[PDB]
Amino acid sequence: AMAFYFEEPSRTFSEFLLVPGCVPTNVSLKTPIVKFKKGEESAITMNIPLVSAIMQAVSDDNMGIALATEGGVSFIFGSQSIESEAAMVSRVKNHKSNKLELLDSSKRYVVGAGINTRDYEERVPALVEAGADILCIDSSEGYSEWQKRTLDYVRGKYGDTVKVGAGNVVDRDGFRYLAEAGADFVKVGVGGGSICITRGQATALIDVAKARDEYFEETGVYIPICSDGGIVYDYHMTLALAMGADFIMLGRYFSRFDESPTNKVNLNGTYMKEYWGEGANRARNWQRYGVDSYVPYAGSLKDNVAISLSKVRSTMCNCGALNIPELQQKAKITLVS
Amino acid sequence: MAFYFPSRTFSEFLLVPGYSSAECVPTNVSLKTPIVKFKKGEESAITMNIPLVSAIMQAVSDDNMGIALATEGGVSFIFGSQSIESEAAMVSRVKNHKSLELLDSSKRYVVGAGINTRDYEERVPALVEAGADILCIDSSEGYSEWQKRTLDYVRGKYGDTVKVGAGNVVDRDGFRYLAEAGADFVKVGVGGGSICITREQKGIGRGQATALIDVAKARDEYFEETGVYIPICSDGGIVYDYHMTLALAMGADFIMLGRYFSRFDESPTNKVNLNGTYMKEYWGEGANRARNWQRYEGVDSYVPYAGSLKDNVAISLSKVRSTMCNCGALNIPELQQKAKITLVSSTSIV
Amino acid sequence: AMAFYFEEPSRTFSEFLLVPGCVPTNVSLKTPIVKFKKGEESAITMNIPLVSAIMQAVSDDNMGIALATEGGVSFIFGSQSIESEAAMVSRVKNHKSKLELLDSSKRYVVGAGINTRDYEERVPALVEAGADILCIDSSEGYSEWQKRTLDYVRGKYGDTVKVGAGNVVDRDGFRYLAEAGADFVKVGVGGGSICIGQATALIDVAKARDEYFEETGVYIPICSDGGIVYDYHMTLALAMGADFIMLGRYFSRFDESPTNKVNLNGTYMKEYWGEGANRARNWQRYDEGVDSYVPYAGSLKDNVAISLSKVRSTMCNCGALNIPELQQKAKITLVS
Amino acid sequence: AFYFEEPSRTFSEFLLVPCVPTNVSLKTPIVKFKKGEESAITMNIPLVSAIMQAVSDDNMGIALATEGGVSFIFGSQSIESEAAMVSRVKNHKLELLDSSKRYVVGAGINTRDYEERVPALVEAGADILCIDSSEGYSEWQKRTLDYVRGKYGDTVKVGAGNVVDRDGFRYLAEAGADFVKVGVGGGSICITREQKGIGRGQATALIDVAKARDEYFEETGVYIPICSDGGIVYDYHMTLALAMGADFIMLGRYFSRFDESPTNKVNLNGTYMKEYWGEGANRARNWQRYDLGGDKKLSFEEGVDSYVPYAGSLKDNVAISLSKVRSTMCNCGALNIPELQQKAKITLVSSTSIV
Amino acid sequence: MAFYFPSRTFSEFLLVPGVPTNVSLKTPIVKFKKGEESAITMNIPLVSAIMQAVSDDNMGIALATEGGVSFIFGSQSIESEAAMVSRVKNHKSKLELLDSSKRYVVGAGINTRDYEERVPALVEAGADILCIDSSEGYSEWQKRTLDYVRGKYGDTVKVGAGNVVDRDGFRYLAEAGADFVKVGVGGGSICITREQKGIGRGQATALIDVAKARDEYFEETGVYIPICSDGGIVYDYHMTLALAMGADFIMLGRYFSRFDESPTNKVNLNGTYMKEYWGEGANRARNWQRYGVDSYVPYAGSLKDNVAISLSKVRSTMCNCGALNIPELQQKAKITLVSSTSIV
Ligand SMILES: O=c1[nH]cnc2c1ncn2[C@@H]1O[C@H](COP(=O)(O)O)[C@@H](O)[C@H]1O
Ligand SMILES: O=c1[nH]cnc2c1ncn2[C@@H]1O[C@H](COP(=O)(O)O)[C@@H](O)[C@H]1O
Ligand SMILES: O=c1[nH]cnc2c1ncn2[C@@H]1O[C@H](COP(=O)(O)O)[C@@H](O)[C@H]1O
Ligand SMILES: O=c1[nH]cnc2c1ncn2[C@@H]1O[C@H](COP(=O)(O)O)[C@@H](O)[C@H]1O
Ligand SMILES: O=c1[nH]cnc2c1ncn2[C@@H]1O[C@H](COP(=O)(O)O)[C@@H](O)[C@H]1O
């Protein structure tokens, strides 16, 4: 009466370690987020490799202005009305422009917007009109087919004039299916979308990074990878970049800040902030209009990001790497017992 | 510096035997149950002879499984992770297969069919034209507005002639949402204790009964307001017969099983010899082969081989009827009324 | 060959959380400890909801003076001779003396623990020494003998002597001591000289107490005995139905505690032992046995000031200016 | 915060390092005796039943006496009810009989109403008494043993407990106890509400008290019989307990499984089970509120603490258990209990594994 | 704070399927070049360990009738071991492993200390194969021991070495001229210390990694060095998994210590017959020059009865994979990881 299960082994970022082998302020954290051919330059280059998650608790217009000021991009959450998301995008695009400020060709704050695989025919034109610099399908591993239909719609109507990412995927088949559908980048994570959650983020990132590099040799097209979720400590960021991720999406990290849209609460003499995932009914069933957890209040986004990126820049110096591609080439990543 | 916001399994519960000294014959125990909603005092439109249905899975419910389970009085829900044409062909193959047995008006077998929240506008008519007796929304995210829009579509076109169930839910909000949307029966995510169906499935026979008790409490509360009884389906996590009796006693009207049925000859998977012992291949609906059926090796697990469905179901229900005699119940409604369910803190070998 | 056990589920304080929905110094921490009728005023109202345990390692005359100064009551331990306990009670009532808890004669309020054995000689001696309130230091398994001590006090003194009883964990245990005339009911798993779930027991008795409050109109205050690990557990117990809290290890860490201060690996600690230890259960043999050590925390004044300031701060977030307001407005959720 | 605890080990972690089993003498004393002299009461088998409402009544006392053991009628009842149970065993007409050739029975007493319960049980014909305390050895057990030695001297034999240490043994010994009970079942001197699992007794307290008993016998020349209280169901644990120094073993849930137990038999899904509850339960602890059979109005949620598997008759099971106890003694090279305690090579099993 | 720089057992692996009498359990012991035959070829892929409690002269004869070779333990005097090797090689002869003289093939263990006087006495007594029993793993003293035999006997005397767990360990003993390489599967480590692991709890990770290094060394030099899985196996399925993972033959200690031919005493442990046992890490083995029971293993009867049972299931398992000999199993077997096993 025995049953055998054959699940592939997965690991987290805490099971690995960057082994070092000289000015930390001389390290460039610029990274691409739009696919580019060999030798060419990406259409959108961030100044820091941080993006905020596509969640009601993370990415509003206040978060988008703050993160763009530091060199990142916020992906405004799409579990709201089409008019609200476009209005949120429009407020970032019109807030007047911090040496690492990320601006477009018209000197406006760069911002992203999340879309779903359902109302994209009405949602994409409104977000494009609002000035969204880049889009990202906010889905999970098991909805890859409907991510492909959404990418096909964008490419059929806009060609390559609208930048759109897709995710999440965890393996080669998921990466290649979105890659050949025209995804300008690919998000890697065990969650995403309105699916409920329960890491395996390191294994997922390593597997997709191997398929991405293989896809680069096969086609000459470099597709940036976004590691979505699983960053608990600042040394995990450098580890994710070294494993192949070109930028990192974080939710809980940004929900702690002043610019986060959730409420600040005093919980036993310690200031905390409300938090919930997109699997919550208030997010999954936003059309019908409840706290999942609390995260500790951390202060301003600028103060925390500068601390996190100083650790990243100083770690890359110890590895003899002055930029992210150089880190991905010289990094020694070993297991920790 | 971080805080989150309990569940129990069927292994933690026990039925206290009734006080009666009168002898109870297990063969006189009736296992009939309703599967579609009905008003207070009226008879359900569909009544199964046994409280077992097969899951909406590629590795469980094909046409052969549909004929075998209908012969024993149950209903199979043909899986919908396939083309609309191949699903209607499997539905028609069970209906047109010539015929205790669960039959419709035309003495044909009773079969079910799963639907999704995307192509229902063209899949629901094809399945009804194929002769499906009851439908069920197979959702991977739980109760959502897309389950509602699918339910609104069926009601707006067929009224109440076509019966469609929906799920999964675990709490009162989920039940009342699908109940107020017109669902004929509500499915409870017992196997994983969650509303979603994702690639990582829970172990065999490790279902969570807490979700079933919570929805049964909302169903009885809802039945007391509107006078409408919504049949509850306990979905997954059960293989042991005593867990079937517990599920029924806790308020479940019928039980959906996947891995329980994949062990049988009529399962559509391949039988393999694993060092003498016969085994059966298996994979969940969250696997890439099912989730990406439009794009078309692929073995998630080996389940033990258990022979024929007729032999195994007869043994499982022989113990269910015997357990209901010990509780003093001759039918499932009596079980839900007379069951003294206690919580077991621990067990021990002597 | 299986055996089946049917133990009731029991949760600790660490599994619950107070969710908020005001100046902290405006919060009143006063609370009753003697039963009062619907709308009446209790015979003894503490200024802070803290009382010290009935233990050799906790409540002596120095503890009673220090805790009464802050507004609490110490229950002098009864695992000793009748003269020794009465002398310590007398030492507190005769200490000369803003939130100070005083009786009608401007004397420090103190309690005293009695057992279910020598009460016929110990109760009058404690009454004569000036004990403002008594408490039967027992456990769940001695409810009958807790009643007989209550039946003795009520028979000889009526309601002129206030006496509480504990511990109980159930509805059936609360009503038994309530009918016997207990002025308050102590809730806890331990208690007495037995050897050693506090949240579940507190929620259960609070329901039985509230139900008993509608049947009779008499409000019997509840004392949560033991299980307070952190300062935010205090506001949790109060919001769950407890009117005051009994702490043992919390108080033995202070200077005013009678235990020896000990340097242990550079960290100053203090000795500690429970009433189930031989030195306490069999005090008659004694007219060394250290069960555990607790960290030396400093003065009772400075620590109680910090613990209550957090309590007052949490109640402000919950929109409660007093303990009764807290027990009505508090939103308590389960926390994994 | 640092705390103090001693390493405790169960019976399953010990092993006896290695004859006709029928010739083995399972006889053992249960009352103290001076060096060289015999014992007043010599059981034929080393088993006694627990002073519990769910174990020892008149039927249990009769059946266990026919097999050579003694039952201790529970005191969690009226003095009249316990005296009637003791009297029914005596006046009921191998077997363990007294001088009058009546069944030998024991009775439990508490430290509260001993001035009326002890005379009533002695009048009823109790051959031996035992103090049941929920708090462990205390001054109230001393005052109870002082009263018995004052009114009856040594005519009435009384045991006390439970203990887990040297000081506890010497306290009841210097108080005049005829035998001393070791809190093996829960590893504690107390009998509280929650109970340990079936067969999870702590041998550490038995070994520590056996060392104190052997040292007390070396000074005064008085041998105090030791009782291992509970925590044993397996036959090998019985031989282990006897080997570690226990002169006789008291079992609760071992005897509750039998038909001679006063609890209800229940058909649970085709398997016969018996209701069970410990002496820490309110029905036993608050027995003064159900004095005339008020406990049969209690429901399953209120009255039944546990389901134990029905094991049939006492005589059938004890014969199976003792037949293997006698066979285990053969592998150790011992024909009697005293020889076991001197020849037993007891070792610690660091681990067991399947091959 | 104290960062430290992952192994799986045989229980976590499963052979994915694609006449058991037709199956050949023959396997080589000694090195050979691509194309030629092996100097010593087994009939069954089982050897007994180099331990006081497993390999006497009785075990050498019994394992020789069934087709295996026993390595006589070297924790004894040089004359005592030589007399044990002599008795097996002088005991008169269906699957027996015999030399050209039609005498029983037997092995003997040596150490890196007295080899200059112990190796001659063992070869002089007729030991076919030798094996270095090391306590620290692969080291220089194992290389100099190998340099001694190759300098005095050339390649006439065959000597194996171990234990290794890694690629560097295999290549070190390979370049040093070892005839076979032994892998520390039982303890998953390079050493053989006091505390031994559990029966049947061997680590397959060391066997896979060394087989990867053995196949690389074979493709670069054309010299096949047989691999030995040393310990941690009593289950027949773990034998087939080890053979499929690259191991050519398996070394077992507690598996053979349970049989009547074991040198230990048979005891009656409460109606159940048991066998005494102790590892080479015990003082009675490591302090054999100065001159009790570490464990009780279950008595299983005779070697012939149980070994025939284990190998009949090994042949039956090899049929379910589609392999008729051990080389074919190493090429056709599909080995997968079992995330978990559940009971229905
Ligand atoms: O409720 C959920 N449903 C689905 N995905 C989630 C949920 N919560 C978090 N995630 C995923 O985890 C990410 C958050 O990363 P983190 O909070 O920094 O660990 C999101 O961007 C999603 O990809
Ligand atoms: O891929 C899977 N992951 C998680 N849940 C699944 C998966 N496939 C099916 N399910 C659910 O689990 C049920 C099967 O329950 P079972 O009887 O435990 O096999 C199905 O009816 C679905 O509700
Ligand atoms: O040794 C013991 N026996 C019985 N109860 C105890 C013992 N030790 C502590 N307690 C109980 O626990 C309380 C102290 O709780 P604490 O502040 O959490 O240490 C005391 O007032 C008793 O009710
Ligand atoms: O209610 C209980 N709680 C804790 N200990 C108990 C209780 N009832 C009986 N005991 C003790 O445990 C023994 C029973 O051991 P048993 O053989 O494991 O059943 C009795 O003889 C008592 O010493
Ligand atoms: O004393 C010991 N401690 C640790 N390992 C040992 C000891 N004795 C033998 N071994 C190793 O274990 C192998 C056999 O173990 P087994 O076959 O799994 O019981 C031997 O060939 C040695 O490699």
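Here is what the cut-offs are and how they apply
- Residues numbered from 1 in each chain as written, not as in the entry; some residues may be left out.
- Chains lettered and ligands numbered in written order.
- Part of a larger assembly, values for the part shown.
- Heavy atoms only, no water.
- Residues with missing side-chain atoms left out of burial classes, pairs and counts.
- UniProt positions renumbered as here; feature names shortened; annotations may be inferred.
- Patch = residues over 30% accessible without salt bridge, like charges linked within 9 Å, V, L, I, M, F, W, Y side chains within 5 Å.
- Areas by Shrake-Rupley, 256 points an atom, 1.4 Å probe, with all protein chains shown as cover.
- Salt bridge = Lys/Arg side-chain N within 4 Å of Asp/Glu carboxyl O.
- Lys, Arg positive; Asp, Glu negative; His and termini not counted.
- Charge placed at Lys NZ, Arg CZ, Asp CG, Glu CD.
- Helix = DSSP H or I, 4+ residues; strand = E, 2+ residues; numbered from the N terminus.
- Axes fitted to C-alpha atoms, helices over the stretch in contact; angles between N-to-C directions.
- Parallel < 35°, antiparallel > 145°, perpendicular 65-115°, else oblique.
- Left-handed = near helix turned anticlockwise from the far one by under 90°.
- Contact = heavy atoms within 4.5 Å.
- Nonpolar A, V, L, I, M, F, W, Y, C, P; charged D, E, K, R; others polar.
- Pairing = 2+ DSSP bridges.
- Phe/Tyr/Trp six-rings, centres within 6.5 Å; stacked < 30°, edge-to-face > 60°.
- Buried < 20%, exposed > 50% of the residue type's maximum accessible area, 1.4 Å probe, protein only.
- Near = heavy atom within 4 Å.
- Polar contact = N/O pair within 3.5 Å; in protein donor to acceptor, adjacent residues only side chain to side chain.
- Right-handed = clockwise from strand over helix to strand, strands pointing away.

As recorded in the entry header, the structure was determined using X-ray crystallography to a resolution of 2.50 Å.

If you check the PDB entry, chain C appears there as Lmo0132 protein from Listeria monocytogenes EGD-e. If you open the UniProt record of chain C and go to Catalytic activity (unreviewed entry), you find "IMP + NAD(+) + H2O = XMP + NADH + H(+)". The record in UniProt for chain C states the following under Sequence similarities (unreviewed entry): "Belongs to the IMPDH/GMPR family."

The PDB entry lists chain A under the name Lmo0132 protein, with Listeria monocytogenes EGD-e given as the organism. Reading the Cofactor (unreviewed entry) entry of the UniProt record for chain A gives the comment "K(+)". Turning to chain A, the UniProt annotation filed under Sequence similarities (unreviewed entry) states: "Belongs to the IMPDH/GMPR family."

Describing a negative patch on the surface
Negative charge collects at one region of the surface, where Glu-7, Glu-8 and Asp-204 of chain C together with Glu-194, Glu-301 and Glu-302 of chain D lie side by side. In this structure, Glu-301 of chain D sits in helix 10 (residues 300-303).

Some remarks on the packing of helix 3 (residues 120-129) of chain A against helix 4 (residues 144-158) of chain A
Residues and elements named next belong to chain A. It is at 11 Å that the axes of helix 3 and helix 4 come closest, and there the two elements cross at 50°. Relative to helix 4, the element helix 3 lies oblique. In the packing of helix 3 onto helix 4, the handedness of the crossing is right-handed. Counting all contacts with helix 3, which are made through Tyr-120, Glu-121, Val-124 and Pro-125, the residues of helix 4 involved are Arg-149, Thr-150, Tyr-153, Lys-157 and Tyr-158. For the contact of helix 3 with helix 4, the residue count by class is 5 nonpolar, 1 polar and 3 charged.

As for the sheet that holds strand 16 (residues 306-309) of chain D
The strand order 19(B)-1(C)-16(D)-15(D)-14(D) describes an open sheet built from 5 strands, whose pairing is antiparallel. Pairing within the sheet leaves two strands with one partner each, and these edge strands are strand 19 (346-349) of chain B together with strand 14 (265-268) of chain D. Pairs of neighbouring strands in the sheet enclose a mean axial angle of 30°, with direction left out of account.

Comments concerning a nonpolar patch on the surface
On the surface, a cluster of nonpolar side chains totalling about 290 Å² of accessible area is made up of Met-2 of chain A, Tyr-240 of chain B together with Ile-343 of chain E. Along the chain, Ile-343 of chain E falls in strand 18 (residues 340-343).

Observations concerning the packing of aromatic side chains
The geometry of an aromatic ring pair is captured by two quantities: the separation of the ring centres and the angle between the planes. Residue and element names in this part refer to chain B. Throughout the structure, instances matching the rule amount to 61 aromatic pairs over all chains. A centroid spacing of 5.8 Å and a plane angle of 50° characterise the contact between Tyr-143 and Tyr-177, whose relative ring orientation is tilted. Placement of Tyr-143 in the loop between strand 9 (134-137) and helix 4 (145-158) and of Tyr-177 in helix 5 (residues 172-180) is noted, with a sequence separation of 34 residues between them. Comparing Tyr-143 with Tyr-177 shows no difference in burial state: the two are buried.

Some words on the sheet that holds strand 17 (residues 293-296) of chain A
With antiparallel pairing, the 4 strands of this open sheet are ordered in space as 15(A)-16(A)-17(A)-1(B). Looking at strand neighbours, the two that pair on one side only are strand 15 (264-267) of chain A together with strand 1 (3-4) of chain B, the edges of this open sheet. With 2 bridges joining them, strand 17 of chain A and strand 1 of chain B adopt antiparallel strand pairing. By the bridge assignment, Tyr-294 of chain A is partnered in strand 1 of chain B with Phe-3 of chain B.

Comments concerning the site of ligand 2
Residues and elements named next belong to chain B. Every one of the 18 residues lining ligand 2 counts as a neighbour, but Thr-198, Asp-235, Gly-258, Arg-259 and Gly-286 are closest to it. A distance of 3.5 Å separates an oxygen atom of ligand 2 from a polar side-chain atom of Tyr-282. Within the backbone of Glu-285, a nitrogen or oxygen atom sits 3.0 Å from a nitrogen atom of ligand 2. For ligand 2, whose free accessible area comes to 510 Å², the fraction covered by protein is 92%. Counted by class, the shell around ligand 2 contains 6 nonpolar, 8 polar and 4 charged residues.

Quick word on the site of ligand 5
Residues and elements named next belong to chain E. Residues in close proximity to ligand 5 total 17 residues, the closest being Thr-193, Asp-230, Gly-232, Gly-253 and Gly-281. At 2.5 Å from a nitrogen atom of ligand 5 is found a main-chain nitrogen or oxygen belonging to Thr-193. Here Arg-254 contributes a side-chain N or O atom positioned 2.6 Å from an oxygen atom of ligand 5. Summarising the interface, the protein chains cover 92% of the accessible area of ligand 5, which totals 500 Å² for the free molecule. In terms of residue class, the shell around ligand 5 is made up of 5 nonpolar, 8 polar and 4 charged.

Things to note about unusual backbone geometry
Each neighbour pair has its own omega, and for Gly-167 of chain B with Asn-168 of chain B the value is 0°, a cis peptide bond. Among the structural elements, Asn-168 of chain B can be located in strand 10 (residues 164-169). Cis geometry marks the peptide bond from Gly-161 of chain D to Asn-162 of chain D; its omega dihedral reads 0°. Among the secondary structure elements, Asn-162 of chain D is positioned in strand 9 (residues 158-163).

Quick word on the arrangement of the chains
You won't find any contact between chain A and chain D; their C-alpha atoms come no closer than 18 Å. At no point do chain C and chain E touch; the closest pair of C-alpha atoms across them sits 18 Å apart.

Describing the interface of chain C and chain B
Opposite the 14 residues of chain C that make contact, chain B presents 15 residues. Linking chain C with chain B are 0 salt bridges, by the criterion used here. Our count for the contact surface shared by chain C and chain B stands at 7 residue pairs in polar contact. Only strand 1 (2-5) and strand 18 (331-334) of chain C provide two or more residues apiece to the side of chain C that touches chain B. It is strand 1 of chain C that provides the largest number of residues to the side of chain C that touches chain B, a total of 4 residues. Across the side of chain C that touches chain B, the residue classes break down as 10 nonpolar, 2 polar and 2 charged. Where strand 19 of chain B meets strand 1 of chain C, 4 bridges bridge the pair, whose relative direction is antiparallel. Of the residues in strand 1 of chain C, the one forming a bridge with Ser-346 of chain B is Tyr-5 of chain C.

Details of the packing of helix 2 (residues 84-95) of chain B against helix 3 (residues 120-129) of chain B
The description of two packed helices rests on the angle between their axes and on the distance between the axes. Residues and elements named next belong to chain B. It is the contact of helix 2 with helix 3, at a shortest axis distance of 9 Å, that shows an interaxial angle of 20°. Considered as vectors, helix 2 and helix 3 are oriented roughly parallel to each other. Considering the relative orientation of helix 2 and helix 3, their crossing is right-handed. Only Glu-122, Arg-123, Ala-126 and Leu-127 of helix 3 make contact with helix 2, whose side of the interface consists of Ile-84, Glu-87, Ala-88 and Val-91. Of the residues that constitute the contact of helix 2 with helix 3, the class distribution is 5 nonpolar, no polar and 3 charged.

Looking at the pairing of strand 9 (residues 133-137) of chain C
Residue and element names in this part refer to chain C. Most of strand 9 sits inside the fold, with 5 of its 5 residues counted as buried. On strand 9, burial covers both faces: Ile-133, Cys-135 and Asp-137 on one face and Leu-134 and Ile-136 on the other are all buried. The pairing of strand 8 (residues 111-114) with strand 9 spans 4 bridges and is classified as parallel. Across the sheet, residue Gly-113 finds its bridge partner in strand 9, namely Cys-135. For the handedness criterion, the β-α-β arrangement of strand 8, helix 3 (residues 119-129) and strand 9 is classed as right-handed. Bridging between strand 9 and strand 10 (residues 163-168) involves 4 bridges; their strand directions are parallel. Within strand 10, the residue paired with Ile-136 across the bridge is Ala-165. Taken together, strand 9, helix 4 (residues 143-157) and strand 10 form a β-α-β motif whose crossover is right-handed.

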